[PDB]
Amino acid sequence: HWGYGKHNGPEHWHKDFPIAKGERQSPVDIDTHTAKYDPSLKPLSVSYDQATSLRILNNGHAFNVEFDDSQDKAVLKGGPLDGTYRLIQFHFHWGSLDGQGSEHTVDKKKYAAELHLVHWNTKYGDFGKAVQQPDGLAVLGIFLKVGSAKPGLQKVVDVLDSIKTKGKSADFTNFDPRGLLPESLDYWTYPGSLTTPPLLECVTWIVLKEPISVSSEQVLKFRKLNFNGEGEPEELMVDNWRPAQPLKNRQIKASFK
Ligand SMILES: Cc1ccccc1-c1ccc(S(N)(=O)=O)cc1
Ligand SMILES: [Zn+2]
(Lines give C-alpha, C1' and ligand atoms only; values in the text may rest on other atoms or scores of the structure.)
(Ligands and ions follow the chains in the order given, each with its own letter.)
Protein backbone atom coordinates (compact mmCIF):
# COMPACT_ATOMS: atom_id res chain seq x y z
CA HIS A 1 0.00 0.00 0.00
CA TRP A 2 0.94 3.64 0.47
CA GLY A 3 4.38 5.19 0.62
CA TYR A 4 6.55 7.71 -1.18
CA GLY A 5 7.68 5.87 -4.30
CA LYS A 6 6.67 6.26 -7.94
CA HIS A 7 3.98 3.61 -7.65
CA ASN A 8 2.52 4.32 -4.21
CA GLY A 9 3.41 7.95 -3.49
CA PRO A 10 1.35 11.13 -2.97
CA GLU A 11 -0.14 11.08 -6.50
CA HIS A 12 -1.67 7.67 -5.73
CA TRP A 13 -3.01 8.26 -2.24
CA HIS A 14 -6.43 9.57 -3.33
CA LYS A 15 -7.49 6.13 -4.58
CA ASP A 16 -7.50 4.69 -1.06
CA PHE A 17 -7.98 8.02 0.74
CA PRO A 18 -10.31 10.20 -1.32
CA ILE A 19 -10.01 13.03 1.20
CA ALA A 20 -6.58 13.57 -0.43
CA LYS A 21 -8.45 15.90 -2.79
CA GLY A 22 -10.40 17.57 0.02
CA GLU A 23 -10.97 21.19 0.95
CA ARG A 24 -8.39 21.57 3.74
CA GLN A 25 -5.40 19.40 2.82
CA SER A 26 -1.82 19.85 4.03
CA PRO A 27 0.93 20.86 3.51
CA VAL A 28 0.58 24.15 1.66
CA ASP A 29 2.85 26.84 0.31
CA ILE A 30 3.02 29.76 2.73
CA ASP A 31 2.94 32.91 0.63
CA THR A 32 4.41 35.36 3.12
CA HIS A 33 3.10 38.39 1.31
CA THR A 34 -0.50 37.07 1.21
CA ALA A 35 -0.58 35.87 4.83
CA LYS A 36 -2.39 38.41 6.99
CA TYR A 37 -1.12 39.63 10.33
CA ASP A 38 -3.78 38.92 12.96
CA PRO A 39 -3.22 41.14 16.01
CA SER A 40 -5.82 39.12 17.93
CA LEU A 41 -3.62 36.00 17.77
CA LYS A 42 -2.18 35.15 21.17
CA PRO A 43 1.39 34.09 21.83
CA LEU A 44 1.96 30.36 21.66
CA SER A 45 2.28 28.64 25.00
CA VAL A 46 4.68 25.71 24.80
CA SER A 47 4.91 23.92 28.13
CA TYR A 48 7.35 21.05 27.77
CA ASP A 49 9.11 21.14 31.15
CA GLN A 50 7.41 17.94 32.34
CA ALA A 51 7.64 16.10 29.00
CA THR A 52 8.14 12.35 29.36
CA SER A 53 9.62 10.73 26.27
CA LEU A 54 9.38 6.95 26.13
CA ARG A 55 10.40 5.38 22.87
CA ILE A 56 11.58 5.97 19.34
CA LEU A 57 10.01 3.92 16.51
CA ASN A 58 10.78 3.41 12.82
CA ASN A 59 7.25 3.01 11.43
CA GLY A 60 8.31 2.56 7.80
CA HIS A 61 7.45 6.13 6.79
CA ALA A 62 9.43 8.17 9.33
CA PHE A 63 10.60 7.75 12.92
CA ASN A 64 8.43 8.82 15.85
CA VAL A 65 9.69 9.90 19.25
CA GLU A 66 6.77 9.03 21.51
CA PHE A 67 5.69 10.66 24.75
CA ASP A 68 3.53 9.80 27.74
CA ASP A 69 0.26 11.56 26.88
CA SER A 70 -1.80 9.97 29.67
CA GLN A 71 -1.45 13.19 31.69
CA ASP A 72 -1.02 16.90 30.99
CA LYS A 73 2.80 16.72 30.97
CA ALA A 74 3.77 18.39 27.72
CA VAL A 75 1.14 20.71 26.34
CA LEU A 76 0.54 23.30 23.70
CA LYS A 77 -1.99 26.06 24.15
CA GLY A 78 -2.63 29.68 23.27
CA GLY A 79 -1.94 30.93 19.77
CA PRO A 80 -5.00 30.18 17.61
CA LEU A 81 -6.02 27.36 19.93
CA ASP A 82 -8.89 27.04 22.34
CA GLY A 83 -8.05 24.59 25.10
CA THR A 84 -5.21 22.22 25.81
CA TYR A 85 -3.35 19.98 23.41
CA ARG A 86 -1.12 17.12 24.65
CA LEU A 87 2.15 16.19 22.95
CA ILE A 88 1.95 12.57 21.76
CA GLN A 89 4.91 12.34 19.36
CA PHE A 90 7.26 14.17 17.08
CA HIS A 91 8.77 13.13 13.78
CA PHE A 92 10.45 14.61 10.73
CA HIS A 93 10.12 14.66 6.97
CA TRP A 94 13.30 15.05 4.93
CA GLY A 95 14.87 14.92 1.51
CA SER A 96 17.51 13.03 -0.43
CA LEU A 97 19.18 16.40 -1.03
CA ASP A 98 19.56 19.49 1.17
CA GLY A 99 17.37 21.54 -1.21
CA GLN A 100 14.24 19.51 -0.55
CA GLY A 101 12.51 17.67 2.26
CA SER A 102 10.06 20.05 3.90
CA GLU A 103 6.35 19.63 3.37
CA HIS A 104 5.33 23.22 3.88
CA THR A 105 7.18 25.69 1.70
CA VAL A 106 7.72 29.42 2.25
CA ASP A 107 7.33 31.53 -0.89
CA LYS A 108 7.90 28.20 -2.70
CA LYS A 109 11.20 27.66 -0.87
CA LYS A 110 11.85 24.10 0.32
CA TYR A 111 13.86 23.42 3.48
CA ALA A 112 16.03 20.34 4.06
CA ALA A 113 13.55 18.91 6.53
CA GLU A 114 10.51 19.64 8.65
CA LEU A 115 9.84 18.72 12.27
CA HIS A 116 6.26 17.97 13.34
CA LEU A 117 5.35 18.04 17.04
CA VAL A 118 1.96 16.39 17.18
CA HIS A 119 -0.58 17.32 19.87
CA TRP A 120 -4.20 16.30 20.47
CA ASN A 121 -7.07 18.22 22.04
CA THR A 122 -7.68 16.84 25.53
CA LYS A 123 -11.40 17.55 25.32
CA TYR A 124 -11.64 14.50 23.06
CA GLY A 125 -10.09 12.10 25.58
CA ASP A 126 -7.72 10.19 23.31
CA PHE A 127 -5.81 10.61 20.07
CA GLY A 128 -7.98 8.22 18.07
CA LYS A 129 -11.08 10.23 18.92
CA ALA A 130 -9.28 13.51 18.33
CA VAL A 131 -8.31 12.79 14.71
CA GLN A 132 -12.03 12.43 13.92
CA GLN A 133 -12.63 16.08 14.86
CA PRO A 134 -12.00 19.28 12.88
CA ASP A 135 -10.15 20.76 15.88
CA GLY A 136 -8.68 17.52 17.15
CA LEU A 137 -4.95 18.07 16.55
CA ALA A 138 -2.46 20.90 16.73
CA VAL A 139 0.77 20.23 14.89
CA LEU A 140 3.72 22.52 15.50
CA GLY A 141 5.87 22.57 12.37
CA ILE A 142 9.48 23.69 12.42
CA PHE A 143 11.74 24.02 9.40
CA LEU A 144 15.26 22.60 9.32
CA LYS A 145 18.04 24.19 7.28
CA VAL A 146 21.52 22.77 6.89
CA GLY A 147 24.26 24.78 8.58
CA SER A 148 25.46 24.54 12.18
CA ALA A 149 24.52 21.49 14.27
CA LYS A 150 21.54 21.51 16.59
CA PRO A 151 22.92 20.15 19.86
CA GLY A 152 19.48 19.17 21.12
CA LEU A 153 18.94 16.96 18.08
CA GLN A 154 22.07 14.88 18.55
CA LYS A 155 20.59 12.33 20.98
CA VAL A 156 17.97 11.55 18.31
CA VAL A 157 20.62 11.24 15.62
CA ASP A 158 22.73 8.88 17.68
CA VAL A 159 19.99 6.31 18.31
CA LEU A 160 18.95 5.98 14.63
CA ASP A 161 21.42 3.11 14.08
CA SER A 162 19.34 0.99 16.44
CA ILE A 163 16.06 1.55 14.57
CA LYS A 164 17.35 1.29 11.02
CA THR A 165 14.43 -0.69 9.63
CA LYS A 166 10.63 -0.68 9.72
CA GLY A 167 9.14 -1.96 12.96
CA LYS A 168 12.25 -1.43 15.07
CA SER A 169 11.98 0.57 18.28
CA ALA A 170 14.31 1.60 21.09
CA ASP A 171 13.91 3.00 24.58
CA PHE A 172 14.19 6.79 24.38
CA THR A 173 13.54 8.21 27.81
CA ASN A 174 14.49 11.60 29.25
CA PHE A 175 14.61 13.45 25.96
CA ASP A 176 13.83 17.15 26.22
CA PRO A 177 12.01 18.42 23.11
CA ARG A 178 12.67 22.02 24.16
CA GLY A 179 16.11 21.57 22.61
CA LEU A 180 14.51 21.35 19.15
CA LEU A 181 12.88 24.80 19.22
CA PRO A 182 14.15 27.99 17.60
CA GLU A 183 14.48 31.24 19.58
CA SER A 184 11.32 32.88 18.25
CA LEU A 185 7.81 31.48 18.52
CA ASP A 186 6.44 33.73 15.73
CA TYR A 187 4.19 31.56 13.57
CA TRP A 188 1.80 31.18 10.67
CA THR A 189 -1.42 29.27 11.23
CA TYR A 190 -4.13 27.71 9.02
CA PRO A 191 -6.64 24.83 9.15
CA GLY A 192 -5.43 21.66 7.47
CA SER A 193 -4.89 17.93 7.58
CA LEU A 194 -2.57 15.07 8.36
CA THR A 195 0.08 15.01 5.64
CA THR A 196 0.10 11.20 5.42
CA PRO A 197 -2.76 8.76 5.07
CA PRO A 198 -5.42 8.77 6.45
CA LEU A 199 -5.07 12.50 5.56
CA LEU A 200 -7.82 13.41 8.02
CA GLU A 201 -8.80 17.07 8.14
CA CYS A 202 -8.31 17.42 11.86
CA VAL A 203 -5.26 19.68 12.21
CA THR A 204 -4.67 23.26 13.25
CA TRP A 205 -1.27 23.91 11.72
CA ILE A 206 1.11 26.20 13.54
CA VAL A 207 4.28 26.70 11.52
CA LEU A 208 7.19 28.58 13.06
CA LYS A 209 8.74 31.41 11.05
CA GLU A 210 12.28 30.76 12.31
CA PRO A 211 13.98 27.57 11.10
CA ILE A 212 16.44 25.63 13.20
CA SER A 213 19.87 24.83 11.84
CA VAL A 214 21.10 21.25 11.71
CA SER A 215 24.44 20.01 10.41
CA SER A 216 24.98 18.15 7.17
CA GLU A 217 26.16 15.16 9.26
CA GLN A 218 22.94 15.20 11.27
CA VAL A 219 20.62 15.08 8.22
CA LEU A 220 23.00 12.59 6.55
CA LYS A 221 22.17 10.20 9.36
CA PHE A 222 18.41 10.64 8.80
CA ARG A 223 19.04 9.50 5.22
CA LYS A 224 20.67 6.22 6.35
CA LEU A 225 17.37 4.97 7.73
CA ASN A 226 15.37 2.39 5.78
CA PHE A 227 11.73 2.28 4.59
CA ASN A 228 11.99 -1.51 4.47
CA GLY A 229 11.96 -4.10 7.21
CA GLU A 230 15.00 -6.11 8.27
CA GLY A 231 15.94 -8.77 5.75
CA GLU A 232 14.23 -6.93 2.91
CA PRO A 233 15.97 -5.12 0.03
CA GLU A 234 17.33 -1.81 1.26
CA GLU A 235 15.41 1.30 0.35
CA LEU A 236 16.75 4.46 1.92
CA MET A 237 14.21 6.45 3.89
CA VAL A 238 14.51 9.74 1.98
CA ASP A 239 11.98 12.12 0.39
CA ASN A 240 9.20 11.10 2.77
CA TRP A 241 7.39 14.39 2.19
CA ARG A 242 4.07 15.29 0.61
CA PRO A 243 4.22 18.26 -1.78
CA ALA A 244 2.21 21.45 -1.28
CA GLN A 245 -1.54 21.05 -1.82
CA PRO A 246 -4.09 23.58 -3.14
CA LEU A 247 -4.93 26.29 -0.57
CA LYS A 248 -8.52 26.48 -1.83
CA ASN A 249 -10.82 28.45 0.46
CA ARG A 250 -8.30 29.14 3.23
CA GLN A 251 -6.41 32.10 4.69
CA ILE A 252 -3.03 31.78 6.38
CA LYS A 253 -2.71 34.08 9.38
CA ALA A 254 0.56 35.43 10.82
CA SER A 255 1.21 36.15 14.48
CA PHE A 256 3.75 38.76 13.52
CA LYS A 257 4.13 41.81 11.30
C1 LIG B 1 0.11 7.94 10.59
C2 LIG B 1 -1.16 8.28 11.37
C3 LIG B 1 -2.02 7.23 11.68
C4 LIG B 1 -3.18 7.46 12.39
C5 LIG B 1 -3.50 8.74 12.80
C6 LIG B 1 -2.64 9.78 12.49
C7 LIG B 1 -1.45 9.56 11.82
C8 LIG B 1 -0.65 10.83 11.51
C9 LIG B 1 -0.45 11.17 10.18
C10 LIG B 1 0.22 12.33 9.82
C11 LIG B 1 0.68 13.19 10.80
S12 LIG B 1 1.52 14.71 10.27
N13 LIG B 1 2.77 14.35 9.17
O14 LIG B 1 0.39 15.64 9.56
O15 LIG B 1 2.13 15.44 11.60
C16 LIG B 1 0.46 12.88 12.14
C17 LIG B 1 -0.21 11.71 12.50
ZN1 LIG C 1 4.51 14.91 9.69
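Side chains included, hydrogens not; waters and symmetry mates left out as well; all remaining heavy atoms used. For the single chain, residues carry numbers from 1 onward in sequence order. Read the numbers this way: they start at 1 and go in the same order the structure lists the ligands and their atoms.
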Looking only at non-hydrogen atoms, find the nearest pair between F92 and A62 and report the distance.
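Scanning both residues completely, I find the closest heavy atoms to be O-CB, 3.6 Å.
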Here the pair of heavy atoms bringing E103 nearest to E114 is N-OE1, 2.9 Å
Pairs touching residues 235-257 that satisfy ring-ring contact (aromatic ring centres under 6.0 Å, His included), sequence neighbours left out:
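Passing the test, one end in residues 235-257: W188-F256.
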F175 vs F90, ring pair (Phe, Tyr, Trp, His ring centres under 6.0 Å): CA-CA, chis, key distance, verdict:
CA-CA 12 Å; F175 180 79; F90 71 77; 5.7 Å; yes
Only heavy atoms of [X], strictly under 4.0 Å: list the atoms of ligand 1 that pass.
X	result
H93	13 (N)
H91	12 (S), 13 (N), 15 (O)
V118	15 (O)
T196	1 (C), 9 (C), 10 (C)

Heavy atom of the protein closest to [atom] (residue, atom name, distance):
atom	value
atom 14 (O) of ligand 1	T195 N, 2.9 Å
atom 5 (C) of ligand 1	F127 CE2, 3.6 Å
atom 3 (C) of ligand 1	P198 CD, 4.0 Å
atom 16 (C) of ligand 1	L194 CD2, 3.7 Å

Proximal protein heteroatoms (N, O or S) of the Zn ion (ligand 2), under 2.8 Å
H91 NE2, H93 NE2, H116 ND1
Looking only at distances, can you tell me whether any N or O atom of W205, backbone or side chain, sits closer than 3.5 Å to an N or O atom of ligand 1?
no
Hey, does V156 have a side-chain heavy atom less than 4.5 Å from the side chain of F63?
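The answer is yes, as the side chains (C-beta and beyond) meet within the 4.5 Å cut-off.
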Using atom types as modelled and distance alone, determine if a side-chain donor or acceptor of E235 lies under 3.5 Å from a backbone N or O of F227.
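Here the side-chain-to-backbone pair does not exist.
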With salt bridge (charged side-chain N to carboxylate O under 4.0 Å, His left out) as the rule and sequence neighbours excluded, what pairs involving residues 193-216 come up?
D186-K209
Return yes if a side-chain donor-acceptor contact under 3.5 Å exists between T165 and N226, otherwise no.
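Looking only at side-chain atoms, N226 and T165 do not form any donor-acceptor pair under 3.5 Å.
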Side chains of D239 and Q100: donor-acceptor distance under 3.5 Å anywhere?
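Checked: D239/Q100 side chains pair up, N/O donor to acceptor below 3.5 Å.
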For residues 80-89, which side-chain N or O atoms pair as donor and acceptor with protein atoms under 3.5 Å away, sequence neighbours left out?
residue	atom	partner	partner atom	Å
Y85	OH	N121	ND2	3.2
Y85	OH	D135	O	3.1
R86	NE	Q71	O	3.4
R86	NE	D72	OD1	2.4
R86	NH1	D69	O	2.8
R86	NH2	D72	OD1	3.1
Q89	OE1	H91	ND1	2.7

